[PDB]
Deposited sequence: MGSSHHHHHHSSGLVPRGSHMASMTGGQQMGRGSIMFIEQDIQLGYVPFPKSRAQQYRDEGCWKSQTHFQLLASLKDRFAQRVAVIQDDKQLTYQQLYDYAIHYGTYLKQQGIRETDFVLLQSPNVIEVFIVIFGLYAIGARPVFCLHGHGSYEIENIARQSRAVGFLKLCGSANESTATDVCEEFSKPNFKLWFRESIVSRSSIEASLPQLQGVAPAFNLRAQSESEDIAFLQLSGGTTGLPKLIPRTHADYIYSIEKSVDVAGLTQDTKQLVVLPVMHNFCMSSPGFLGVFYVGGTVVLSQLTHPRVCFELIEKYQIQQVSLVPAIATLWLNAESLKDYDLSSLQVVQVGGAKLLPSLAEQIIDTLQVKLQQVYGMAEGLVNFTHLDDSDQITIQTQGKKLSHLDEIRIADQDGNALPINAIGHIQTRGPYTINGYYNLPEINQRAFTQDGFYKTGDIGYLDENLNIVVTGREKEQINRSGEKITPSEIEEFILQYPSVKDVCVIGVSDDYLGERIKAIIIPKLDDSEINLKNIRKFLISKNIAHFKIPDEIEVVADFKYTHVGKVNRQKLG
């Protein structure tokens, strides 16, 4: 509907032919995030959707509160297609604010709890957001206005600044709803319109526009490969604003099948063990550093963790020995997940042998996912060859939002997203992530982002550049189309200019 305006505002859409294929093969469906919630309330009304301390929401209550909060937002002047920044810890009112935004067609911009005002400020400008919503776990935290008082330049267009303090009951956390009669809220957005912006995972974060249809599709596929059912009890320890926690399979997957999410503000081992034993949790998603915390907690022996069935681990390199240790100590099926907020997610399978779950990051979600392992010159590589992992598919973005200069470098000519990861596809077509394309260079004690230097060098006539380190020292491989490179760089951080520099191939 609004795709005309969005394209003019920075959105890069799916190419018309690919979009039609994802329609006809039954990937993209016709439900927005909020219409999906309305149908979950239709099917699972009185089931508990979310639990946090002494607070809980059934699917019915979540729908009502969301409707009530959307009506509030509308009354305060928030409108459809507006971007609203959302920053929140792992608190239960976050689910009311997310679907409240979806109820009026507003678009969340999911900000990790922890991003300072320096990040919020750039995120707010790049997205042209009109609102900042900051959920706080306590009253001693910085409010939305507090963060905005730290901007380096005023942001007049960000006029909605509101903080929710999570309290001992939902009703007390949301007093602004008292003077509001719930509406009959009609959003005009279609499932192929932009639902939200995510942030990528170095420097200033880039905005990732995801549509309803493409995100709900990835969630449905993750629901299948994680094997979620309406009896699934999932512990949420990762930050709720993170793509992994949201959808892989995340809390939305649990909502999708009518299960129960159990929300912990804390990752501390004892707290999580207590919750697992108390609620008989069957699944949890972790990153390797949380798994290490857990496998080395002396509290381990002290709790009944027998209900545990499946542990997702993703987000960073998982050493096979630590994957092995997770299976043994916790006595679960390990499910490795190699995903990115930009799109593609890969899962190992529940019927995969332990060895597969120990050695690989599994298989793409969709049969329409395309994974290219590219050599240094862009050419596709065969099975068991390490190279640059690039991808394109029915839920993978085609451009970062309102970032045309970065987009020209982050996607191939034919539209493959360049993950920055290296690895290979093995005999079973399981992907194995071995490392990063450009690790940061450690020159005389300082850390430098190679892509940060390539970008400036691309503005020289530069046709291709790859910056790497030898000896600790910074070298710039150039493809045509030293003193002058550095001179030009000083023209625009001294400790980053190359120490040596022009070949034809190997980028």
I have the full deposited sequence and the modelled structure. Can you tell me which residue ranges, counted from 1, have no C-alpha coordinates? 1-35, 219, 238-239, 499, 511-515, 526-532, 544-545, 555, 562-574
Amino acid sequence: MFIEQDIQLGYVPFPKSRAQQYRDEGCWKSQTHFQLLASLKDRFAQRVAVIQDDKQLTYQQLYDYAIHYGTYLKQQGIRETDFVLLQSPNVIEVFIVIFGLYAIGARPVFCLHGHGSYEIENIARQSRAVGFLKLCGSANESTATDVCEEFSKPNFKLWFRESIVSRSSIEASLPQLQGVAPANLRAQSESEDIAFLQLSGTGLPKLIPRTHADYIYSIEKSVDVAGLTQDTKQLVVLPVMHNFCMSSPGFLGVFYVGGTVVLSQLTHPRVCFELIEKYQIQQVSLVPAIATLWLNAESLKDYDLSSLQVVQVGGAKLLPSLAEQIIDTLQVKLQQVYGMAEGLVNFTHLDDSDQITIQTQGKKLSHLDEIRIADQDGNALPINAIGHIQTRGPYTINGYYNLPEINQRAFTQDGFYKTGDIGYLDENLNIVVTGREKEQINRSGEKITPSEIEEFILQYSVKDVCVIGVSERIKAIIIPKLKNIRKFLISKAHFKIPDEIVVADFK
From here on, numbers count along this sequence of modelled residues.
Which is higher on average in the deposited entry, the C-alpha temperature factors of 55-63 or of 22-30? 22-30
Would you mind comparing 373-381 and 67-75 for me and telling me which has the higher average C-alpha temperature factor in the entry? 373-381
In the PDB entry, which of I474, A45, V50, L36 has its C-alpha at the highest B-factor? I474
Residue with highest C-alpha B-factor in the PDB entry, from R161, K364, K301, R107: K301
Ranked by Cα temperature factor within the chain, is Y118 in the lowest third, the middle third or the highest third? highest
Please say which third, lowest, middle or highest, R210 falls into when its CA temperature factor is compared across its chain. lowest
Entry-reported C-alpha B-factor of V165 relative to its chain, by third, is middle
For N407, does the deposited CA B-factor place it in the lowest, middle or highest third of the chain? middle
Grab the CA temperature factor for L334 from the record and place it in the lowest, middle or highest third of its chain. lowest
